[PDB]
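Report on the following structure.
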């Protein structure tokens, strides 16, 4: 599997509210007291009253389509046999169950 | 962290069951990223501890083949046979050498 | 695979005894090469042990 | 030809992300690797990077070069310059968009680097790389010769039908270089081609959304008192965890990915043929592996007594064989079976005595009981 | 690694030199890692400062 | 001077052979290594490649370059461009014709590569490389100081 991770919801000088998300093993949490930085400089001016929401979920791997295991349950098995039967110079190839 | 942590009813099924113990963590101050906690892929762990296959462990020299799931050359037991043969196919002794 | 897999009566002797279990294999389709099977040099194994 | 080669690349655009180490410390570089997959049995790696390549800046098909976001601008360099290694240098095989297919050896981490117009840039990410050798023989590199067995490997074909990922509009991208104190007031370039989003925490004017205009901002003693973001709102990005999202809306869709894992054929080593020595109810096997090879054996009875072992050094082992049957499998060699029958001393006439001990060996588990 | 090799390109064949010295850095914390993780907790450690001071 | 330096090179000519992996798949490249010997105790490697070098296309003595058969034609590049490694980059010591003497470290396989006028070409062959340290002490590299003991090593002399 691959851990699907959403983009951070960063609110500068404010506060976000979390909402329900309908994803497998979906987790979401609000974090306060963050001062994010980017390549272009400090993202948010404020040092306090800052909110960074992180959201992540679990999703199937893109390789799963070809590489996967299949769980089966089996019962009441039947046997099919291939007998070569010659009765009085009559050679045949017989496919018959047991 | 166990075999079957990510389950899907069918290959094409969009709904799936996920139990990875996903826990979100506190991000680093001044760094934009989505921290997370997850159990190692149980598929990989099982693949490492998969143990020898049934094909190699099956008794009676049974050989296991896939796609049409089947067992072959299983040398155990016996099979009764009944032969309803018409009398027309029998040959009189007078036609055979003495 | 044992010490003495390749033996020579003398250093200058041209005739020599060889028991390497050399088995030729099927070559790859589209590839020119000489496939082969042989036991590891018993000299090296003995040198290690 | 076809949207698969046209590619959503025209819609996406490469982006930058944080690397743990960029040489001297961390940095927000486009080389950053988002994820690595190592499911293929042949040892090939499928890396997902934050940048995109295979198509040039104008959207033309050119696999010779790679596209990386160099801070405020986007630059392109030949792909052959880009190198990567884990324990030893890897060999790049193919690439398309975000994804990269290369022949890497085993290792504990993946380092990717390329030469810029200045000091070379590199980035290492921790990920366990350990490819399972194809077959029951654990090799490091594929042999010159061997037998053909089924395997699962990463196809290099750009054809894509099954797998797809979610991409969406990027969030506001801060850029402090946009803003300076011309004489004493905040002055921000849009710049020419990009809309400038500027907001102040202090009083006065706290909203700009300046599309294209050079504006002065009073009541801001220092340029540190303001913040400015570059907004594009033109292209989509991969749902990366290092770029903040847009709060207004998340326009998203499904886009397919190259380098699908698919079934194929692999060249595997063939376990050297052991020497077989015969005896009474016993077979002596002289094993001489070229590499760590799994030996597996079983009986054909109700009690298989299954025994297995990975053997890397020469050794001779003896197994007991009954008339019920004993199967032998050695590496990738086709399984062979051997049964046993009365060897010696048997049950001759041998009058008197003698035959008592000869019968001892024939049909044991009793014998002495009857005596 | 087991030894340190240093090299540079001259105006001719490149020059290198290897010296035997045991290099084995103790991972920080009670968890034995090879490279630092993407995420974790902050613990005290002792490291070589790059400052010329 | 003497046929050893004149060399049968004038009679031979380098040739091409198949490599298991040439980067993206196999190919018929002259870089292919025929055999590798690792009997020397000092850690030096003696590689036998499918190409020849030490003499140029006209048969003149020039050890600075190496000669490889580029498909339908034959090209030559400086020897210093050619690099090889097993676990870490090796140091080329000398060469003559088909054979190459270099200081390689321990490793599981030998990879040799050189830069063409295009994408660099490489070839890896599986061969166990494990040099026995000289003496009763198992070292990785020779020490700065020590005692002198007898050993067997690959001579670089073309004799």
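Order of writing sets the labels: A, B, C, D, E and F. Residues in every chain begin at 1.
The rule we apply is simple: a contact is a pair of C-beta atoms (placed from the backbone, for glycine too) under 8 Å apart; a residue touches a chain by one contact, two chains touch by 3 or more.
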| item | value |
| --- | --- |
| Contact distance in steps, from chain E to chain F | 1 |
| Chain nearest the overall Cα centroid | D |
| Where chain B and chain F are represented by their mean Cα positions, the distance between them in whole Å | 49 |
| Whole-Å gap between the CA centroids of chain D and chain F | 32 |
| Averaged-CA centre spacing for the pair chain D and chain B, given as whole angstrom | 26 |
| Distance between the centres, which are taken as Cα means, of chain B and chain A, whole angstrom | 22 |
| Where chain E touches two or more other chains at once, by residue number | 38 |
| Multi-partner residues of chain C (each touching 2 or more other chains) | 33 |
| Touching chain combinations (by label order) | A-B, A-D, B-D, B-E, C-D, C-F, D-E, D-F, E-F |
| In the complex, chain A residues that touch chain D | 2, 4-13, 16, 36, 38-46, 56, 61-63, 65-67 |
| Chain B-touching residues of chain E, taken from the complex the two chains share | 38-39 |
| Complex contact set, residues of chain B against chain E | 25, 28, 33, 35-36 |
| Contacting residues of chain D [partner chain C, same complex] | 144-146, 267, 270, 272-273, 275, 286, 288, 290, 314 |
| In the complex, chain F residues that touch chain D | 20-21, 23-24, 85, 87, 108-109, 111, 119-120, 122, 124-126 |
